[PDB]
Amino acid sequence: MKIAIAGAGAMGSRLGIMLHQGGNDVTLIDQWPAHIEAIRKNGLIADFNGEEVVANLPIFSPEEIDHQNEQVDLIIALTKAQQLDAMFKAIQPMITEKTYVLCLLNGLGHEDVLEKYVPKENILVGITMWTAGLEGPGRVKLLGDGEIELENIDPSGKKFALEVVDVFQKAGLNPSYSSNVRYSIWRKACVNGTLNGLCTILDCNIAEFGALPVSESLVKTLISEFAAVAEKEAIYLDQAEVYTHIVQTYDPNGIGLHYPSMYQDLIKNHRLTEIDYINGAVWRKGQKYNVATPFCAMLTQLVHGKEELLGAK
């Protein structure tokens, strides 16, 4: 298999090394100049389970890709959501009608960007439980075990999804085909589409939010909107268990006393949030599917208003 890894961060580097070792043609694409230079000069150097592994993998920045580059069977997308479109536009010369994409991004709706570059039937989604650390440019620390669960988003993509599993198996990645990955991503986005935005706007921690008399109605209204949109994509969220899952976070002996990650980005660090890929994505989908998602719409607008007020970058 010819594989391009779009985003050669810690996870991308792990996957690249392992797939290389498994006998595949691997090309890295990355936006960190020092990292690129280091890999070009000394190879990708991994502290891989106490053993040094050096892999001489081709690497390019997106601006360097053109017609001359080799075409690939699979692109593994690790590029963060806000650079995804730009990354895929750059690597277009490497894509044919037969090219598949495995999207390993967090959050929702990435297939709307990806379908501009690749048929929908060619899109796979995955979750990785591997860990990885970058020690510096061209150097990664790889420890522990893990696995990758993946799923075709379109029923025509099943055969190739199984072929990616086989490739990943021979590379030691511990893959499985799972009919639950899209559901788990939807379910997680639900969690991230409640506490994140609501704590950020109201300015409070998780247990403080949970204790509000309005918390039940706000959370449940938001879950229902995620569920209404997900249903159009043949994902049927268990709304009662999603609610039970969120209610458990309120426990002060658990993470109750923590502030959610969106609070940390915006309120603590004045950085732009992930809202466009959570409630913003449900809203975008609702608009295309003629499903009303007003709480997601308003929460998205309020968070964007708050970002601008705090001069978030």
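Each residue number is its position in the shown sequence, starting from 1.
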Exercise. Look over 218 to 226 and 77 to 85 in the entry and identify the one with the greater average Cα temperature factor.
Key: 77 to 85
Quiz item: Out of 62 to 70 and 42 to 50, which stretch has the higher average CA B-factor listed in the record?
Solution: 42 to 50
Quiz item: Taking the Cα B-factors listed in the entry, which of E147, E231, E151, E163 comes out highest?
Solution: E147
Quiz item: Should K141 be placed in the lowest, middle or highest third of its chain by the C-alpha B factor in the entry?
Solution: highest
Quiz prompt | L134, C-alpha B-factor rank within chain (lowest, middle or highest third) | solution = highest
Practice problem: Select lowest, middle or highest to describe the third in which the CA B-factor of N122 falls within its chain in this entry. | Solution: lowest
Exercise. For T273, return the chain-relative third of its C-alpha B-factor as stated in the PDB record: lowest, middle or highest.
Key: middle
Quiz item: If you rank the chain by CA B-factor, which third does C103 end up in: lowest, middle or highest?
Solution: lowest
